[PDB]
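Asker:
Residue numbers (the entry's author numbering): 1 to 330.
#1: Residue 263 and residue 209 look like a contact to me (Cβ under 8 Å); what is the Cβ gap, rounded to whole Å?
#2: Go ahead and label residue 287 buried or exposed: buried means 16 or more other beta carbons lie within 10 angstroms of its beta carbon, across all protein chains shown.
#3: Please confirm whether residue 242 and residue 252 have their CB atoms less than 9 Å apart.
#4: Please state whether the Cβ-Cβ distance between residue 203 and residue 172 is less than 9 Å.
#5: How would you label residue 300, buried or exposed, when you count the other beta carbons within 10 angstroms and need 16 or more for buried?
#6: When the Cα atoms are used, what is the spatial distance from residue 235 to residue 182?
#7: Buried or exposed, going by whether 16 or more other CB atoms sit within 10 Å of the CB of residue 224?
#8: Can you grab the Cα-Cα spacing for the pair residue 67 / residue 320, in whole Å?
#9: Locate the alpha helix (DSSP H) running through residue 307, then write down its first and last residues.
#10: With distance defined between alpha-carbon atoms, name the residue in 130, 142, 166 nearest to residue 190.
#11: Distance, Cα to Cα, residue 47 vs residue 240?
#12: Flag this pair as yes or no: are the beta carbons of residue 152 and residue 105 separated by less than 9 Å?
#13: Would a C-beta distance cut-off of 9 Å place residue 90 and residue 307 closer than the cut-off?
#14: Would you call residue 155 buried or exposed, if buried means 16 or more other Cβ atoms sit within 10 Å of its Cβ?
#15: What did DSSP end up calling residue 123 once you bin it into helix, strand or coil?
#16: Is the beta carbon of residue 311 sitting closer than 9 Å to the one on residue 163?
#17: Determine the extent of the beta strand (DSSP E) in which residue 116 is found, giving its start and end residues.
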């Protein structure tokens, strides 16, 4: 089997991407944020505290003939941005892009933090990291990918995110029309439950490539590129008037600037992030200070290849017995 779904930016900055997902029978279509940095499929629901719902579409298990309470199971998750959610668990049929899983754990939120409530466009998350990070207790649950894997033509999914445009998530096949050149595969460590890999270095603009190992995660659920402070300082030093602002919470730059590209290494291959991908616009409406898309990881504890980086590539998440990541230009 295979599946193929379009993913759409939620706003004009590509802050996140949503993908329609069918849950239950008859189908209830929710727009979920596919997150390769977490392992829970959770949704706004008929159980979510009413004051915490503001425009989201909700899953109502009582209206699904295939929903079953997963008795006693609870979940609670906290993300790297400080947001959180928790609740109870149903099993139900879940389809993405024509690929169906029966018996998928659908984590129904009873509580969500303010950042979720305030984002009316995101109806929940679909985690695509390793199932070792799933938060359901007392019986840990599998991701949609892990449940689908045995049915798929190839044990892979691909992320092809757009810059200010829709893109595609494919399951079970690699669309050879969706990228240019060849795919470069690199080793993955699953020891922390992430798609963790080691980049071979970087370049700023037209500068020379610096060969250096940068361990980090491929995380579709993170907007920006978070890298070591040395690398980030080297990038922003090439932009007149850029500075790190403790008041704003990262590097800002004059909106009048033209940003350089940023290149990262994948083995002997190179992925180039155009400068415009690194512009996240005014810090507040009408400001002439703009927020940067490359930020320091120093306060996180991990480097994160978020959407700024991943949208510059066709990315293969290879879930074979020995997992690997692949990157191609496009």
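Built from N, CA and C at the ideal position, the CB exists for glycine as well.
Answerer: The relevant details are as follows:
#1: 7 Å
#2: exposed
#3: yes
#4: no
#5: exposed
#6: 27 Å
#7: buried
#8: 30 Å
#9: 307–310
#10: 130
#11: 51 Å
#12: no
#13: no
#14: buried
#15: coil
#16: yes
#17: Taken as a continuous stretch (DSSP letters only), residue 116 belongs to no beta strand (DSSP E), being part of the alpha helix (DSSP H) at 114–118.
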